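Residue numbers (PDB author numbering), protein chains in the order written: chain C, 2 to 224, 232 to 403; chain D, 1 to 224, 229 to 403; chain A, -13 to -5, -1 to 720.
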Amino acid sequence: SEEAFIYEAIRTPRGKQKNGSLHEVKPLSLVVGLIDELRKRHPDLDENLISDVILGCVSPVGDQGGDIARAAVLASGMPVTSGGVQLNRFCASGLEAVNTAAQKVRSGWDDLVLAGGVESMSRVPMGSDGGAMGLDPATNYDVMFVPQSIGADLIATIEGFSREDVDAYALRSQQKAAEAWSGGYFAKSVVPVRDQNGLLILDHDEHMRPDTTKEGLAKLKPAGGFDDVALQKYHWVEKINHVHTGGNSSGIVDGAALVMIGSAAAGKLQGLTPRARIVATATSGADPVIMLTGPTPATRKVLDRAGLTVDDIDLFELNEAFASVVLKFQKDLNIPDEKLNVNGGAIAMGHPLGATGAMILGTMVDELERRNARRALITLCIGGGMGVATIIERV
Amino acid sequence: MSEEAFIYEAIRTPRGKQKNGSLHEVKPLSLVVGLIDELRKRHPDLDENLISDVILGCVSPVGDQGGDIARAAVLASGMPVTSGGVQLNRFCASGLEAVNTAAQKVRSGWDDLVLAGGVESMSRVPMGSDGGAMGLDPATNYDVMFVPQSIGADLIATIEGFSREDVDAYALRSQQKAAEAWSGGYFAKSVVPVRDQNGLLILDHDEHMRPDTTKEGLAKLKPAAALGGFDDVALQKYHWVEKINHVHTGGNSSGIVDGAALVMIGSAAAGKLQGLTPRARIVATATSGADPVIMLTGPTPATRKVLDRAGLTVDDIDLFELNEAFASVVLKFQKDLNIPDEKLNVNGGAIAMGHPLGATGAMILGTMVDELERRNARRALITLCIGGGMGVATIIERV
Amino acid sequence: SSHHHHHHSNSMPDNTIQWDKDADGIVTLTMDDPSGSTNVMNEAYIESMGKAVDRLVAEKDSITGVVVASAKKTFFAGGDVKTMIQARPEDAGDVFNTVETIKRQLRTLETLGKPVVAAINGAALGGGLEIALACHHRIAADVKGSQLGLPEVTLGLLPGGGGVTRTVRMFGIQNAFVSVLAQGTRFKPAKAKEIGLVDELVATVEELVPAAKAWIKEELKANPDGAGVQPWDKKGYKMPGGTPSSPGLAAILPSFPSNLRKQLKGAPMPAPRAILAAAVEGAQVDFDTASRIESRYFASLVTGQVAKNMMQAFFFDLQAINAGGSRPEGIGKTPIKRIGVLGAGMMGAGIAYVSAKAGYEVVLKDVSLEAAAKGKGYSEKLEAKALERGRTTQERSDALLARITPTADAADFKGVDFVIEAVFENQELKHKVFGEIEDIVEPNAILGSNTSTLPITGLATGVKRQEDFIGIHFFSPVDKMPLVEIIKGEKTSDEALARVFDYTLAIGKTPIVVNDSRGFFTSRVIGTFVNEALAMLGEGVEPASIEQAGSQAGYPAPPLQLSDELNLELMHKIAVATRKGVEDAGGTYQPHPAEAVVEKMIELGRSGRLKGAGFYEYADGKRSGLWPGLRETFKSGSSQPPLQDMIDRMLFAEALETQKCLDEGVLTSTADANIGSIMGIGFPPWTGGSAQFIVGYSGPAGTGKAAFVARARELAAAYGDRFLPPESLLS
Ligand SMILES: O=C1N=c2cc([N+](=O)[O-])c([N+](=O)[O-])cc2=NC1=O
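As structure tokens, this is what we get:
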């Protein structure tokens, strides 16, 4: 019934893993910093009308345990009635939080919802939470658990993506990310992180290597017998071509992102101006061994659900977990090259698991408005073989 | 808000006790897969490809409960790989939040058939194992006056004037109604016994129950936060209160147990296509909160909000189900809304049978679906207090 | 990245470190700041250590070990308070960079690959101990007066030169915070070695540098692989008590902030909680990341208001008092031989104990030998508790009690040159008691009176030598209260001021000098504190809230509890004397609203703890709890003002009352007002004193004197004209 609109979409800069600027910053502080920015954007906002705060977090332990979303509500002084829930759907958690917020707004039982995610991978490395799919031999031996990097190398082997092909995609991601920063595209959405004294800690995406060359990408080296496990299922493949390095894979970084979502009435009541409308969401899946093929049926599903086709979509934003995944996605749906990840992706700027979905979502909200374009489709692959997709329409 | 969300199945495991419990040897992933296999047994021809998501509440998602245990259940149980799997954590209401989120996904129209519930193996993954952004940050913990739930319950009893005999009288009442419900066969078809990989019985009853509980036995227990300082912190906010009367013991508080629950939620068209009979309808859901130091007064504004959202009053509700985290919280809830006693937790609660954090919300929800059918009544309202002083309430209507 | 403050472009600071390299390759850094008698962590030190640390790296091939020593009586004490007290919020970047540069030098020294030994010859406090903690081995000389610790929390700061980070990695979070950091405890060298702060001791200072070079030579020969490597820089390091992620410490970690909040009673003291945050956060990351977090919390305290309050009082105000700021200029000395205490009550017995503990022969007279004997038992009871705690030997305790001679005969005051009377608060009684003794004592004896309210000028007429009559006001319990309020009568000579001034320092207490005026400074100001609380009680405010308000304001005792020990009958005749002075001068007395509550409790037979019942109940000599009939008597709960309003009313009443004492000439300096209010009546240390509270007030509406007046006018419009500020505070 109700229509869900995006009113604000902001994110922190992404600090790198080794000697990163955000390593001294607790993930709770990353979220609270963005809450304080929204207050600066709308100081007359009646926070009592915020009914929930939904955060994605893939490793909710230690600094990220104990429902970090509720911690953000209390630490930031938001009303105690503003809720706070943590969710984990692996890489899509940030976008799942946005989709869930939109679906709660559509049901009419939530008025104004904050959504996003947070992941401080330099403080809480992935796998810190444990898990049965990895640490239980009975079920690990059955689901054929394989790290996602090997799934990506397998995709490049089947589709025929050479080492030069995946490095060529990594290069343009660096080029397009550098062009977006220098062009001022991110000047409004990337909120610099500061300490309790106001001193600057970080104001840009440290993981970026804008002086990347194709010759440098070739010098890089690729990354338990998991190769034999994957080839046991994909038996028609004799050998996996390991083409993925740290230069054509997503960067491990720290960051957080927030998105404010509400109904037209909820925004009008609070003097907010809508920026985009959530058209449709979808969730699908694919092979759990190859792992990173979920986005293709999830994108197909969200298009049929909205009565749209690829030709109706202006921008395609797929998370750059690995270069072959994006090239597989581009090849399958025949995505024009000038519509895909136009402002660079995780290869250049980093992939802070729980926050990524909300970051690339807000990235398309800005780019649609900047280009004065109509529709954008956002999707992420997920560990375990899942897929989430979202279509937004500029307003 | 177009599609109506319906409950088609709601089952749970028995709750195994903390010390020498029957479920201590059972991985929490197995407790969920067992419930999945029970749903297949009840509907062998259901096209599992129409299940679009599996949403599990879990308050300590670490170790045996980390790595998106909902996704682990999908893969381990051989469910279609497109059935998703998401873990959420909203403290005590995680189980009901998962159901509420499942229902809200169906109402938006972008999901067809969703499994929802929770899992908590507290004998294997104790409360607090996940750490906590508030606990590991003294700068946060100092500002937001963190107080454990047991002291908020004592503070509620002090303000409202609930004596040690009052809270123990409710605790006796919960043990009795729980034993009557088990003896009367009420739980025969919803409590799914846990078995090993050979089919051997492990647990078929809520072994935390103490049906021979007496008033005198409860009075002999000692009050329960053993480090100190939290009383002073609490009274720093409630400065008009002089002394906290610690009245809560292990016999009038929720039991630490292991368990899991699953609920199947879908649209009318979804159940019709799979040949399913709808058992009840999700009328309305709500989320509110109250004072974070008292923490456990959150259920009251969430209940008034879900009643107003559904256009109902207390009189329109036939059964009230509130989680028995602490006896004083229930007596405060009953006192605030003038809930008739014959309508409140009519089959017992967590004091008798236990409170498996992430799964409790779905357990007491399914308890009301079964009791509405057994009594042929119309409406039931289910609510739970939450840590950090949040509240979740849900109204269901028998179909 | 640099070891220096500047890296661009007249005037450079002097050198404070001497360099010396022996034939073995052991460099001896001898800190000797020519600008003072104590090495301090100022800009001259930072530049001097920067050159030395640069030189240690450049000549590392010819250097085998380092020794850090001092040429002063002390080792190294404190930082530049004059600079840190001027740090504005905009100066946070400069403060941050300074401590980061300071720790960058100590970190290079620490990771030199060579053993560094600290030769601690004297006191190593604050920044001094932080330099020693950066060394791999610490040797101290067990000399008299030597103290070691990190007492910056007492100035509203934290150990920002690695003190937090290193102690936590030496002792764990809990032990470092509780034993060293949270209260800035000082340790004698023997205690320092016992807790792990110091490794070895020597009897004299001349053995230090040789023993240091000896330990270097043996460490190189015995442990060549781990020489110059701190425990936390080894691969298998495991923090004592565990890291925040270890299951054992994680089980009790969330209770650390609540326990600290219990200790502080909810008072607004930010430095302890900043230390706890830096400690815990630092233990989650590497040493260098931990150190940088330490700098950010430090900069947060230095630019805050509370640190400026504390630095103003406990450093500048205290130093001015201890330097004879209130003492008459040209007066010599006059040693004391025999002290004569009149009265064996709690006051007189406490005065005789602190006088005997200082090494004086005391004659303790009372009306009966049984009474004087029970007075000396107060000293025996404290000595017996110090024997069990092990703080004094049986030989030293026996000599202490042997200096107390309990008597009932006035002739036993023969040869007494210092009289301290502590009898009942009654003029003609003190007149009588002094008359019985003025001719037996020495003709040059000081005639001191421990009076709370009666003016000294009137008390002086009861003796012959009024020039030697003076008010020497102590505070219960005397063995713990550190202030002495010296009251100058009209006839009191300037020499008598100095003799009591010198006596106060001899017994280890802090003096203030006050001109004669009934109520003096302490009693008058503390009266407005308890009167505001009794006003709130009469207005219908809950007693539990009033007590909570007093504790969260920062007071050591809540006001209803304190009123029960001041005795309400004494408060009654205080107002009766005030009412008589106004009505005899023809004026109209405006009674304080608290007077109606006092007379009410008197009528109900609950005049205080001394008579068994007051605002609290008392059983077996202990306080039981708030009297249940209190709520019914005053309709408690009918008035529910904000807690901050209750807190501010108590603080502002004393702050405003202090300003009057300064205006009327009762006090002579703001230093005496601040320390006098803190050490005398227990004004909260975070305010820096009742005078500093005005110039440094901080509320939601602003900061400073202007914001104080706005809040005072806010309180006056809602609670009464008594909160109106004097013209001295207005513009
Ligand atoms: O008992 C009843 N239950 C009902 C349940 C529903 N329901 O919604 O499931 C409805 N209805 O649909 O209006 C009407 C009902 N009328 C009744 O009398």
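All C-beta atoms, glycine included, are put in the ideal place defined by N, C-alpha and C.
Please report the distance separating the alpha-carbon of residue 338(A) from that of residue 233(D). If you draw a straight line from the Cα of residue 338(A) to the Cα of residue 233(D), it comes to about 36 Å.
Find the residues of chain A that neighbour residue 136(C), judging by a C-beta separation of less than 9 Å, and give them in chain order. Against residue 136(C), chain A offers no close residue; the least beta-carbon distance is about 17 Å (beta-carbon pairs closer than 9 Å).
Would residue 581(A) be called buried (16 or more neighbouring beta carbons within 10 Å of its own) or exposed? Residue 581(A) comes out buried.
If you draw a straight line from the alpha carbon of residue 216(A) to that of residue 49(A), how long is it in whole angstroms? Each residue's Cα considered, the two are about 14 Å apart.
C-beta atoms of residue 481(A) and residue 459(A) nearer than 7 Å: The Cβ atoms of residue 481(A) and residue 459(A) sit closer than 7 Å to each other.
Name the residues in the region 169 to 201 of chain C whose C-beta lies less than 7 Å from a C-beta of chain A; which are they? Answer in chain order: 196, 197, 198, 199, 200.
Can you tell me where the beta strand (DSSP E) holding residue 290(D) begins and where it ends? First-last of the beta strand (DSSP E) with residue 290(D): 284 to 293.
How would the residue list near ligand 1 read, in chain order, if you kept each one whose beta-carbon is closer than 7 Å to any heavy atom? Taking each Cβ in turn, the ones that pass are 285(D), 382(D), 401(D), 402(D), 403(D).
Report the three-state DSSP secondary structure of residue 109(A) (helix, strand or coil). The answer is strand: DSSP assigns residue 109(A) an E or B state.
Is residue 437(A) helix, strand or coil when you go by DSSP? Three-state result, residue 437(A): strand.
If you draw a straight line from the C-alpha of residue 353(C) to the C-alpha of residue -11(A), how long is it? Going from the Cα of residue 353(C) to the Cα of residue -11(A) covers about 39 Å.
Residue 146(D) touches chain A at which residues, Cβ-Cβ below 8 Å? Those are 243, 246, 247, listed as they occur along chain A.
Considering only residues of the region 298 to 381 of chain A, which uninterrupted alpha helix (DSSP H) runs meet the minimum length of 4 residues and lie entirely inside it, listed in chain order? Secondary structure in the region 298 to 381 of chain A: the alpha helix (DSSP H) runs of 4 residues or longer, each lying completely within the stretch, are 307 to 311, 335 to 346, 358 to 377 in chain order.
Tell me residue 327(D)'s beta-bridge partners as DSSP assigns them. DSSP lists no partner for residue 327(D).
Closest Cβ-Cβ distance between residue 247(D) and chain C: below 7 Å? Not one chain C Cβ lies under 7 Å of residue 247(D).
Segment limits, beta strand (DSSP E) that includes residue 697(A): Segment 694 to 708 is the alpha helix (DSSP H) holding residue 697(A); no beta strand (DSSP E) there.
Exposed unless 16 or more other CB atoms sit within 10 angstroms - verdict on residue 241(A): Answer is exposed; the Cβ neighbour count stays below 16.
Collapsed DSSP secondary structure at residue 368(D) in the structure displayed: Residue 368(D) sits in a helix when the DSSP states are folded into three classes.
Return the CA-CA distance between residue 306(D) and residue 299(D), expressed in angstroms with no decimal places. Taking the straight line from one Cα to the other gives about 14 Å.
Taking only beta-carbon positions, decide if residue 129(A) is within less than 7 Å of chain D. When Cβ-Cβ separations below 7 Å define contact, residue 129(A) makes no contact with chain D.
Run through chain D and tell me which residues come within less than 8 Å of residue 152(C), C-beta to C-beta. Chain D residues near residue 152(C): none, gap ~13 Å exceeds 8 Å.
Contact list for residue 250(A) against chain D, beta-carbon separation under 8 Å: The contacting residues are 142, 145, 233, 236, 237, 240.
Endpoints, alpha helix (DSSP H) assigned at residue 343(C): From DSSP, residue 343(C) is part of no alpha helix (DSSP H); its letter is neither H nor E.
Buried or exposed, going by whether 16 or more other CB atoms sit within 10 Å of the CB of residue 380(A)? By the 10 Å Cβ count, residue 380(A) comes out exposed.
Given a cut-off of 7 Å, decide if residue 341(C) and residue 365(C) are closer than it, judged by their beta-carbon atoms. Taking 7 Å as the Cβ cut-off, residue 365(C) and residue 341(C) do not qualify as a contacting pair.
Considering only the alpha carbon of each residue, which of 279(C), 326(C), 264(C) lies closest to residue 122(C)? Minimum Cα-Cα distance from residue 122(C) among the listed residues 279(C), 326(C), 264(C) corresponds to 264(C).
Under 8 Å Cβ to Cβ from residue 359(C), same chain only, skipping five residues before and after it: list those, please. Hits under 8 Å: 92, 258, 259, 260, 261, 327, 328, 329.
Taking Cβ-Cβ distances below 7 Å as the criterion, which residues of the region 252 to 263 of chain A are in contact with chain D? Correct list: 255, 262.
When you compare the CB positions of residue 298(A) and residue 677(A), do they come within less than 7 Å of one another, or not? Yes.
Residue range of the alpha helix (DSSP H) that includes residue 534(A): Boundaries of the alpha helix (DSSP H) harbouring residue 534(A): 532 to 542, taken from the DSSP string.
Count the other C-beta atoms from every protein chain shown that fall within 10 angstroms of the C-beta of residue 208(D), then say buried if there are 16 or more, exposed otherwise. Residue 208(D) counts as buried, since no fewer than 16 other beta carbons sit within 10 angstroms of its beta carbon.
Using CA coordinates, which residue listed in 205(A), 716(A), 310(A), 57(A) is at the minimum distance from residue 649(A)? If we check each option's Cα against that of residue 649(A), 716(A) comes out closest.
Given a threshold of 16 other Cβ atoms within 10 Å of its Cβ, counted over all protein chains shown, does residue 379(D) qualify as buried or as exposed? Answer is exposed; the Cβ neighbour count stays below 16.
Answer with yes or no whether the minimum CB distance from residue 25(C) to chain A is below 7 Å. At least one chain A Cβ lies under 7 Å of residue 25(C).
Starting from residue 80(D) and walking both ways along the alpha helix (DSSP H), at which residues does that stretch end? DSSP places residue 80(D) in no alpha helix (DSSP H); its state is neither H nor E.
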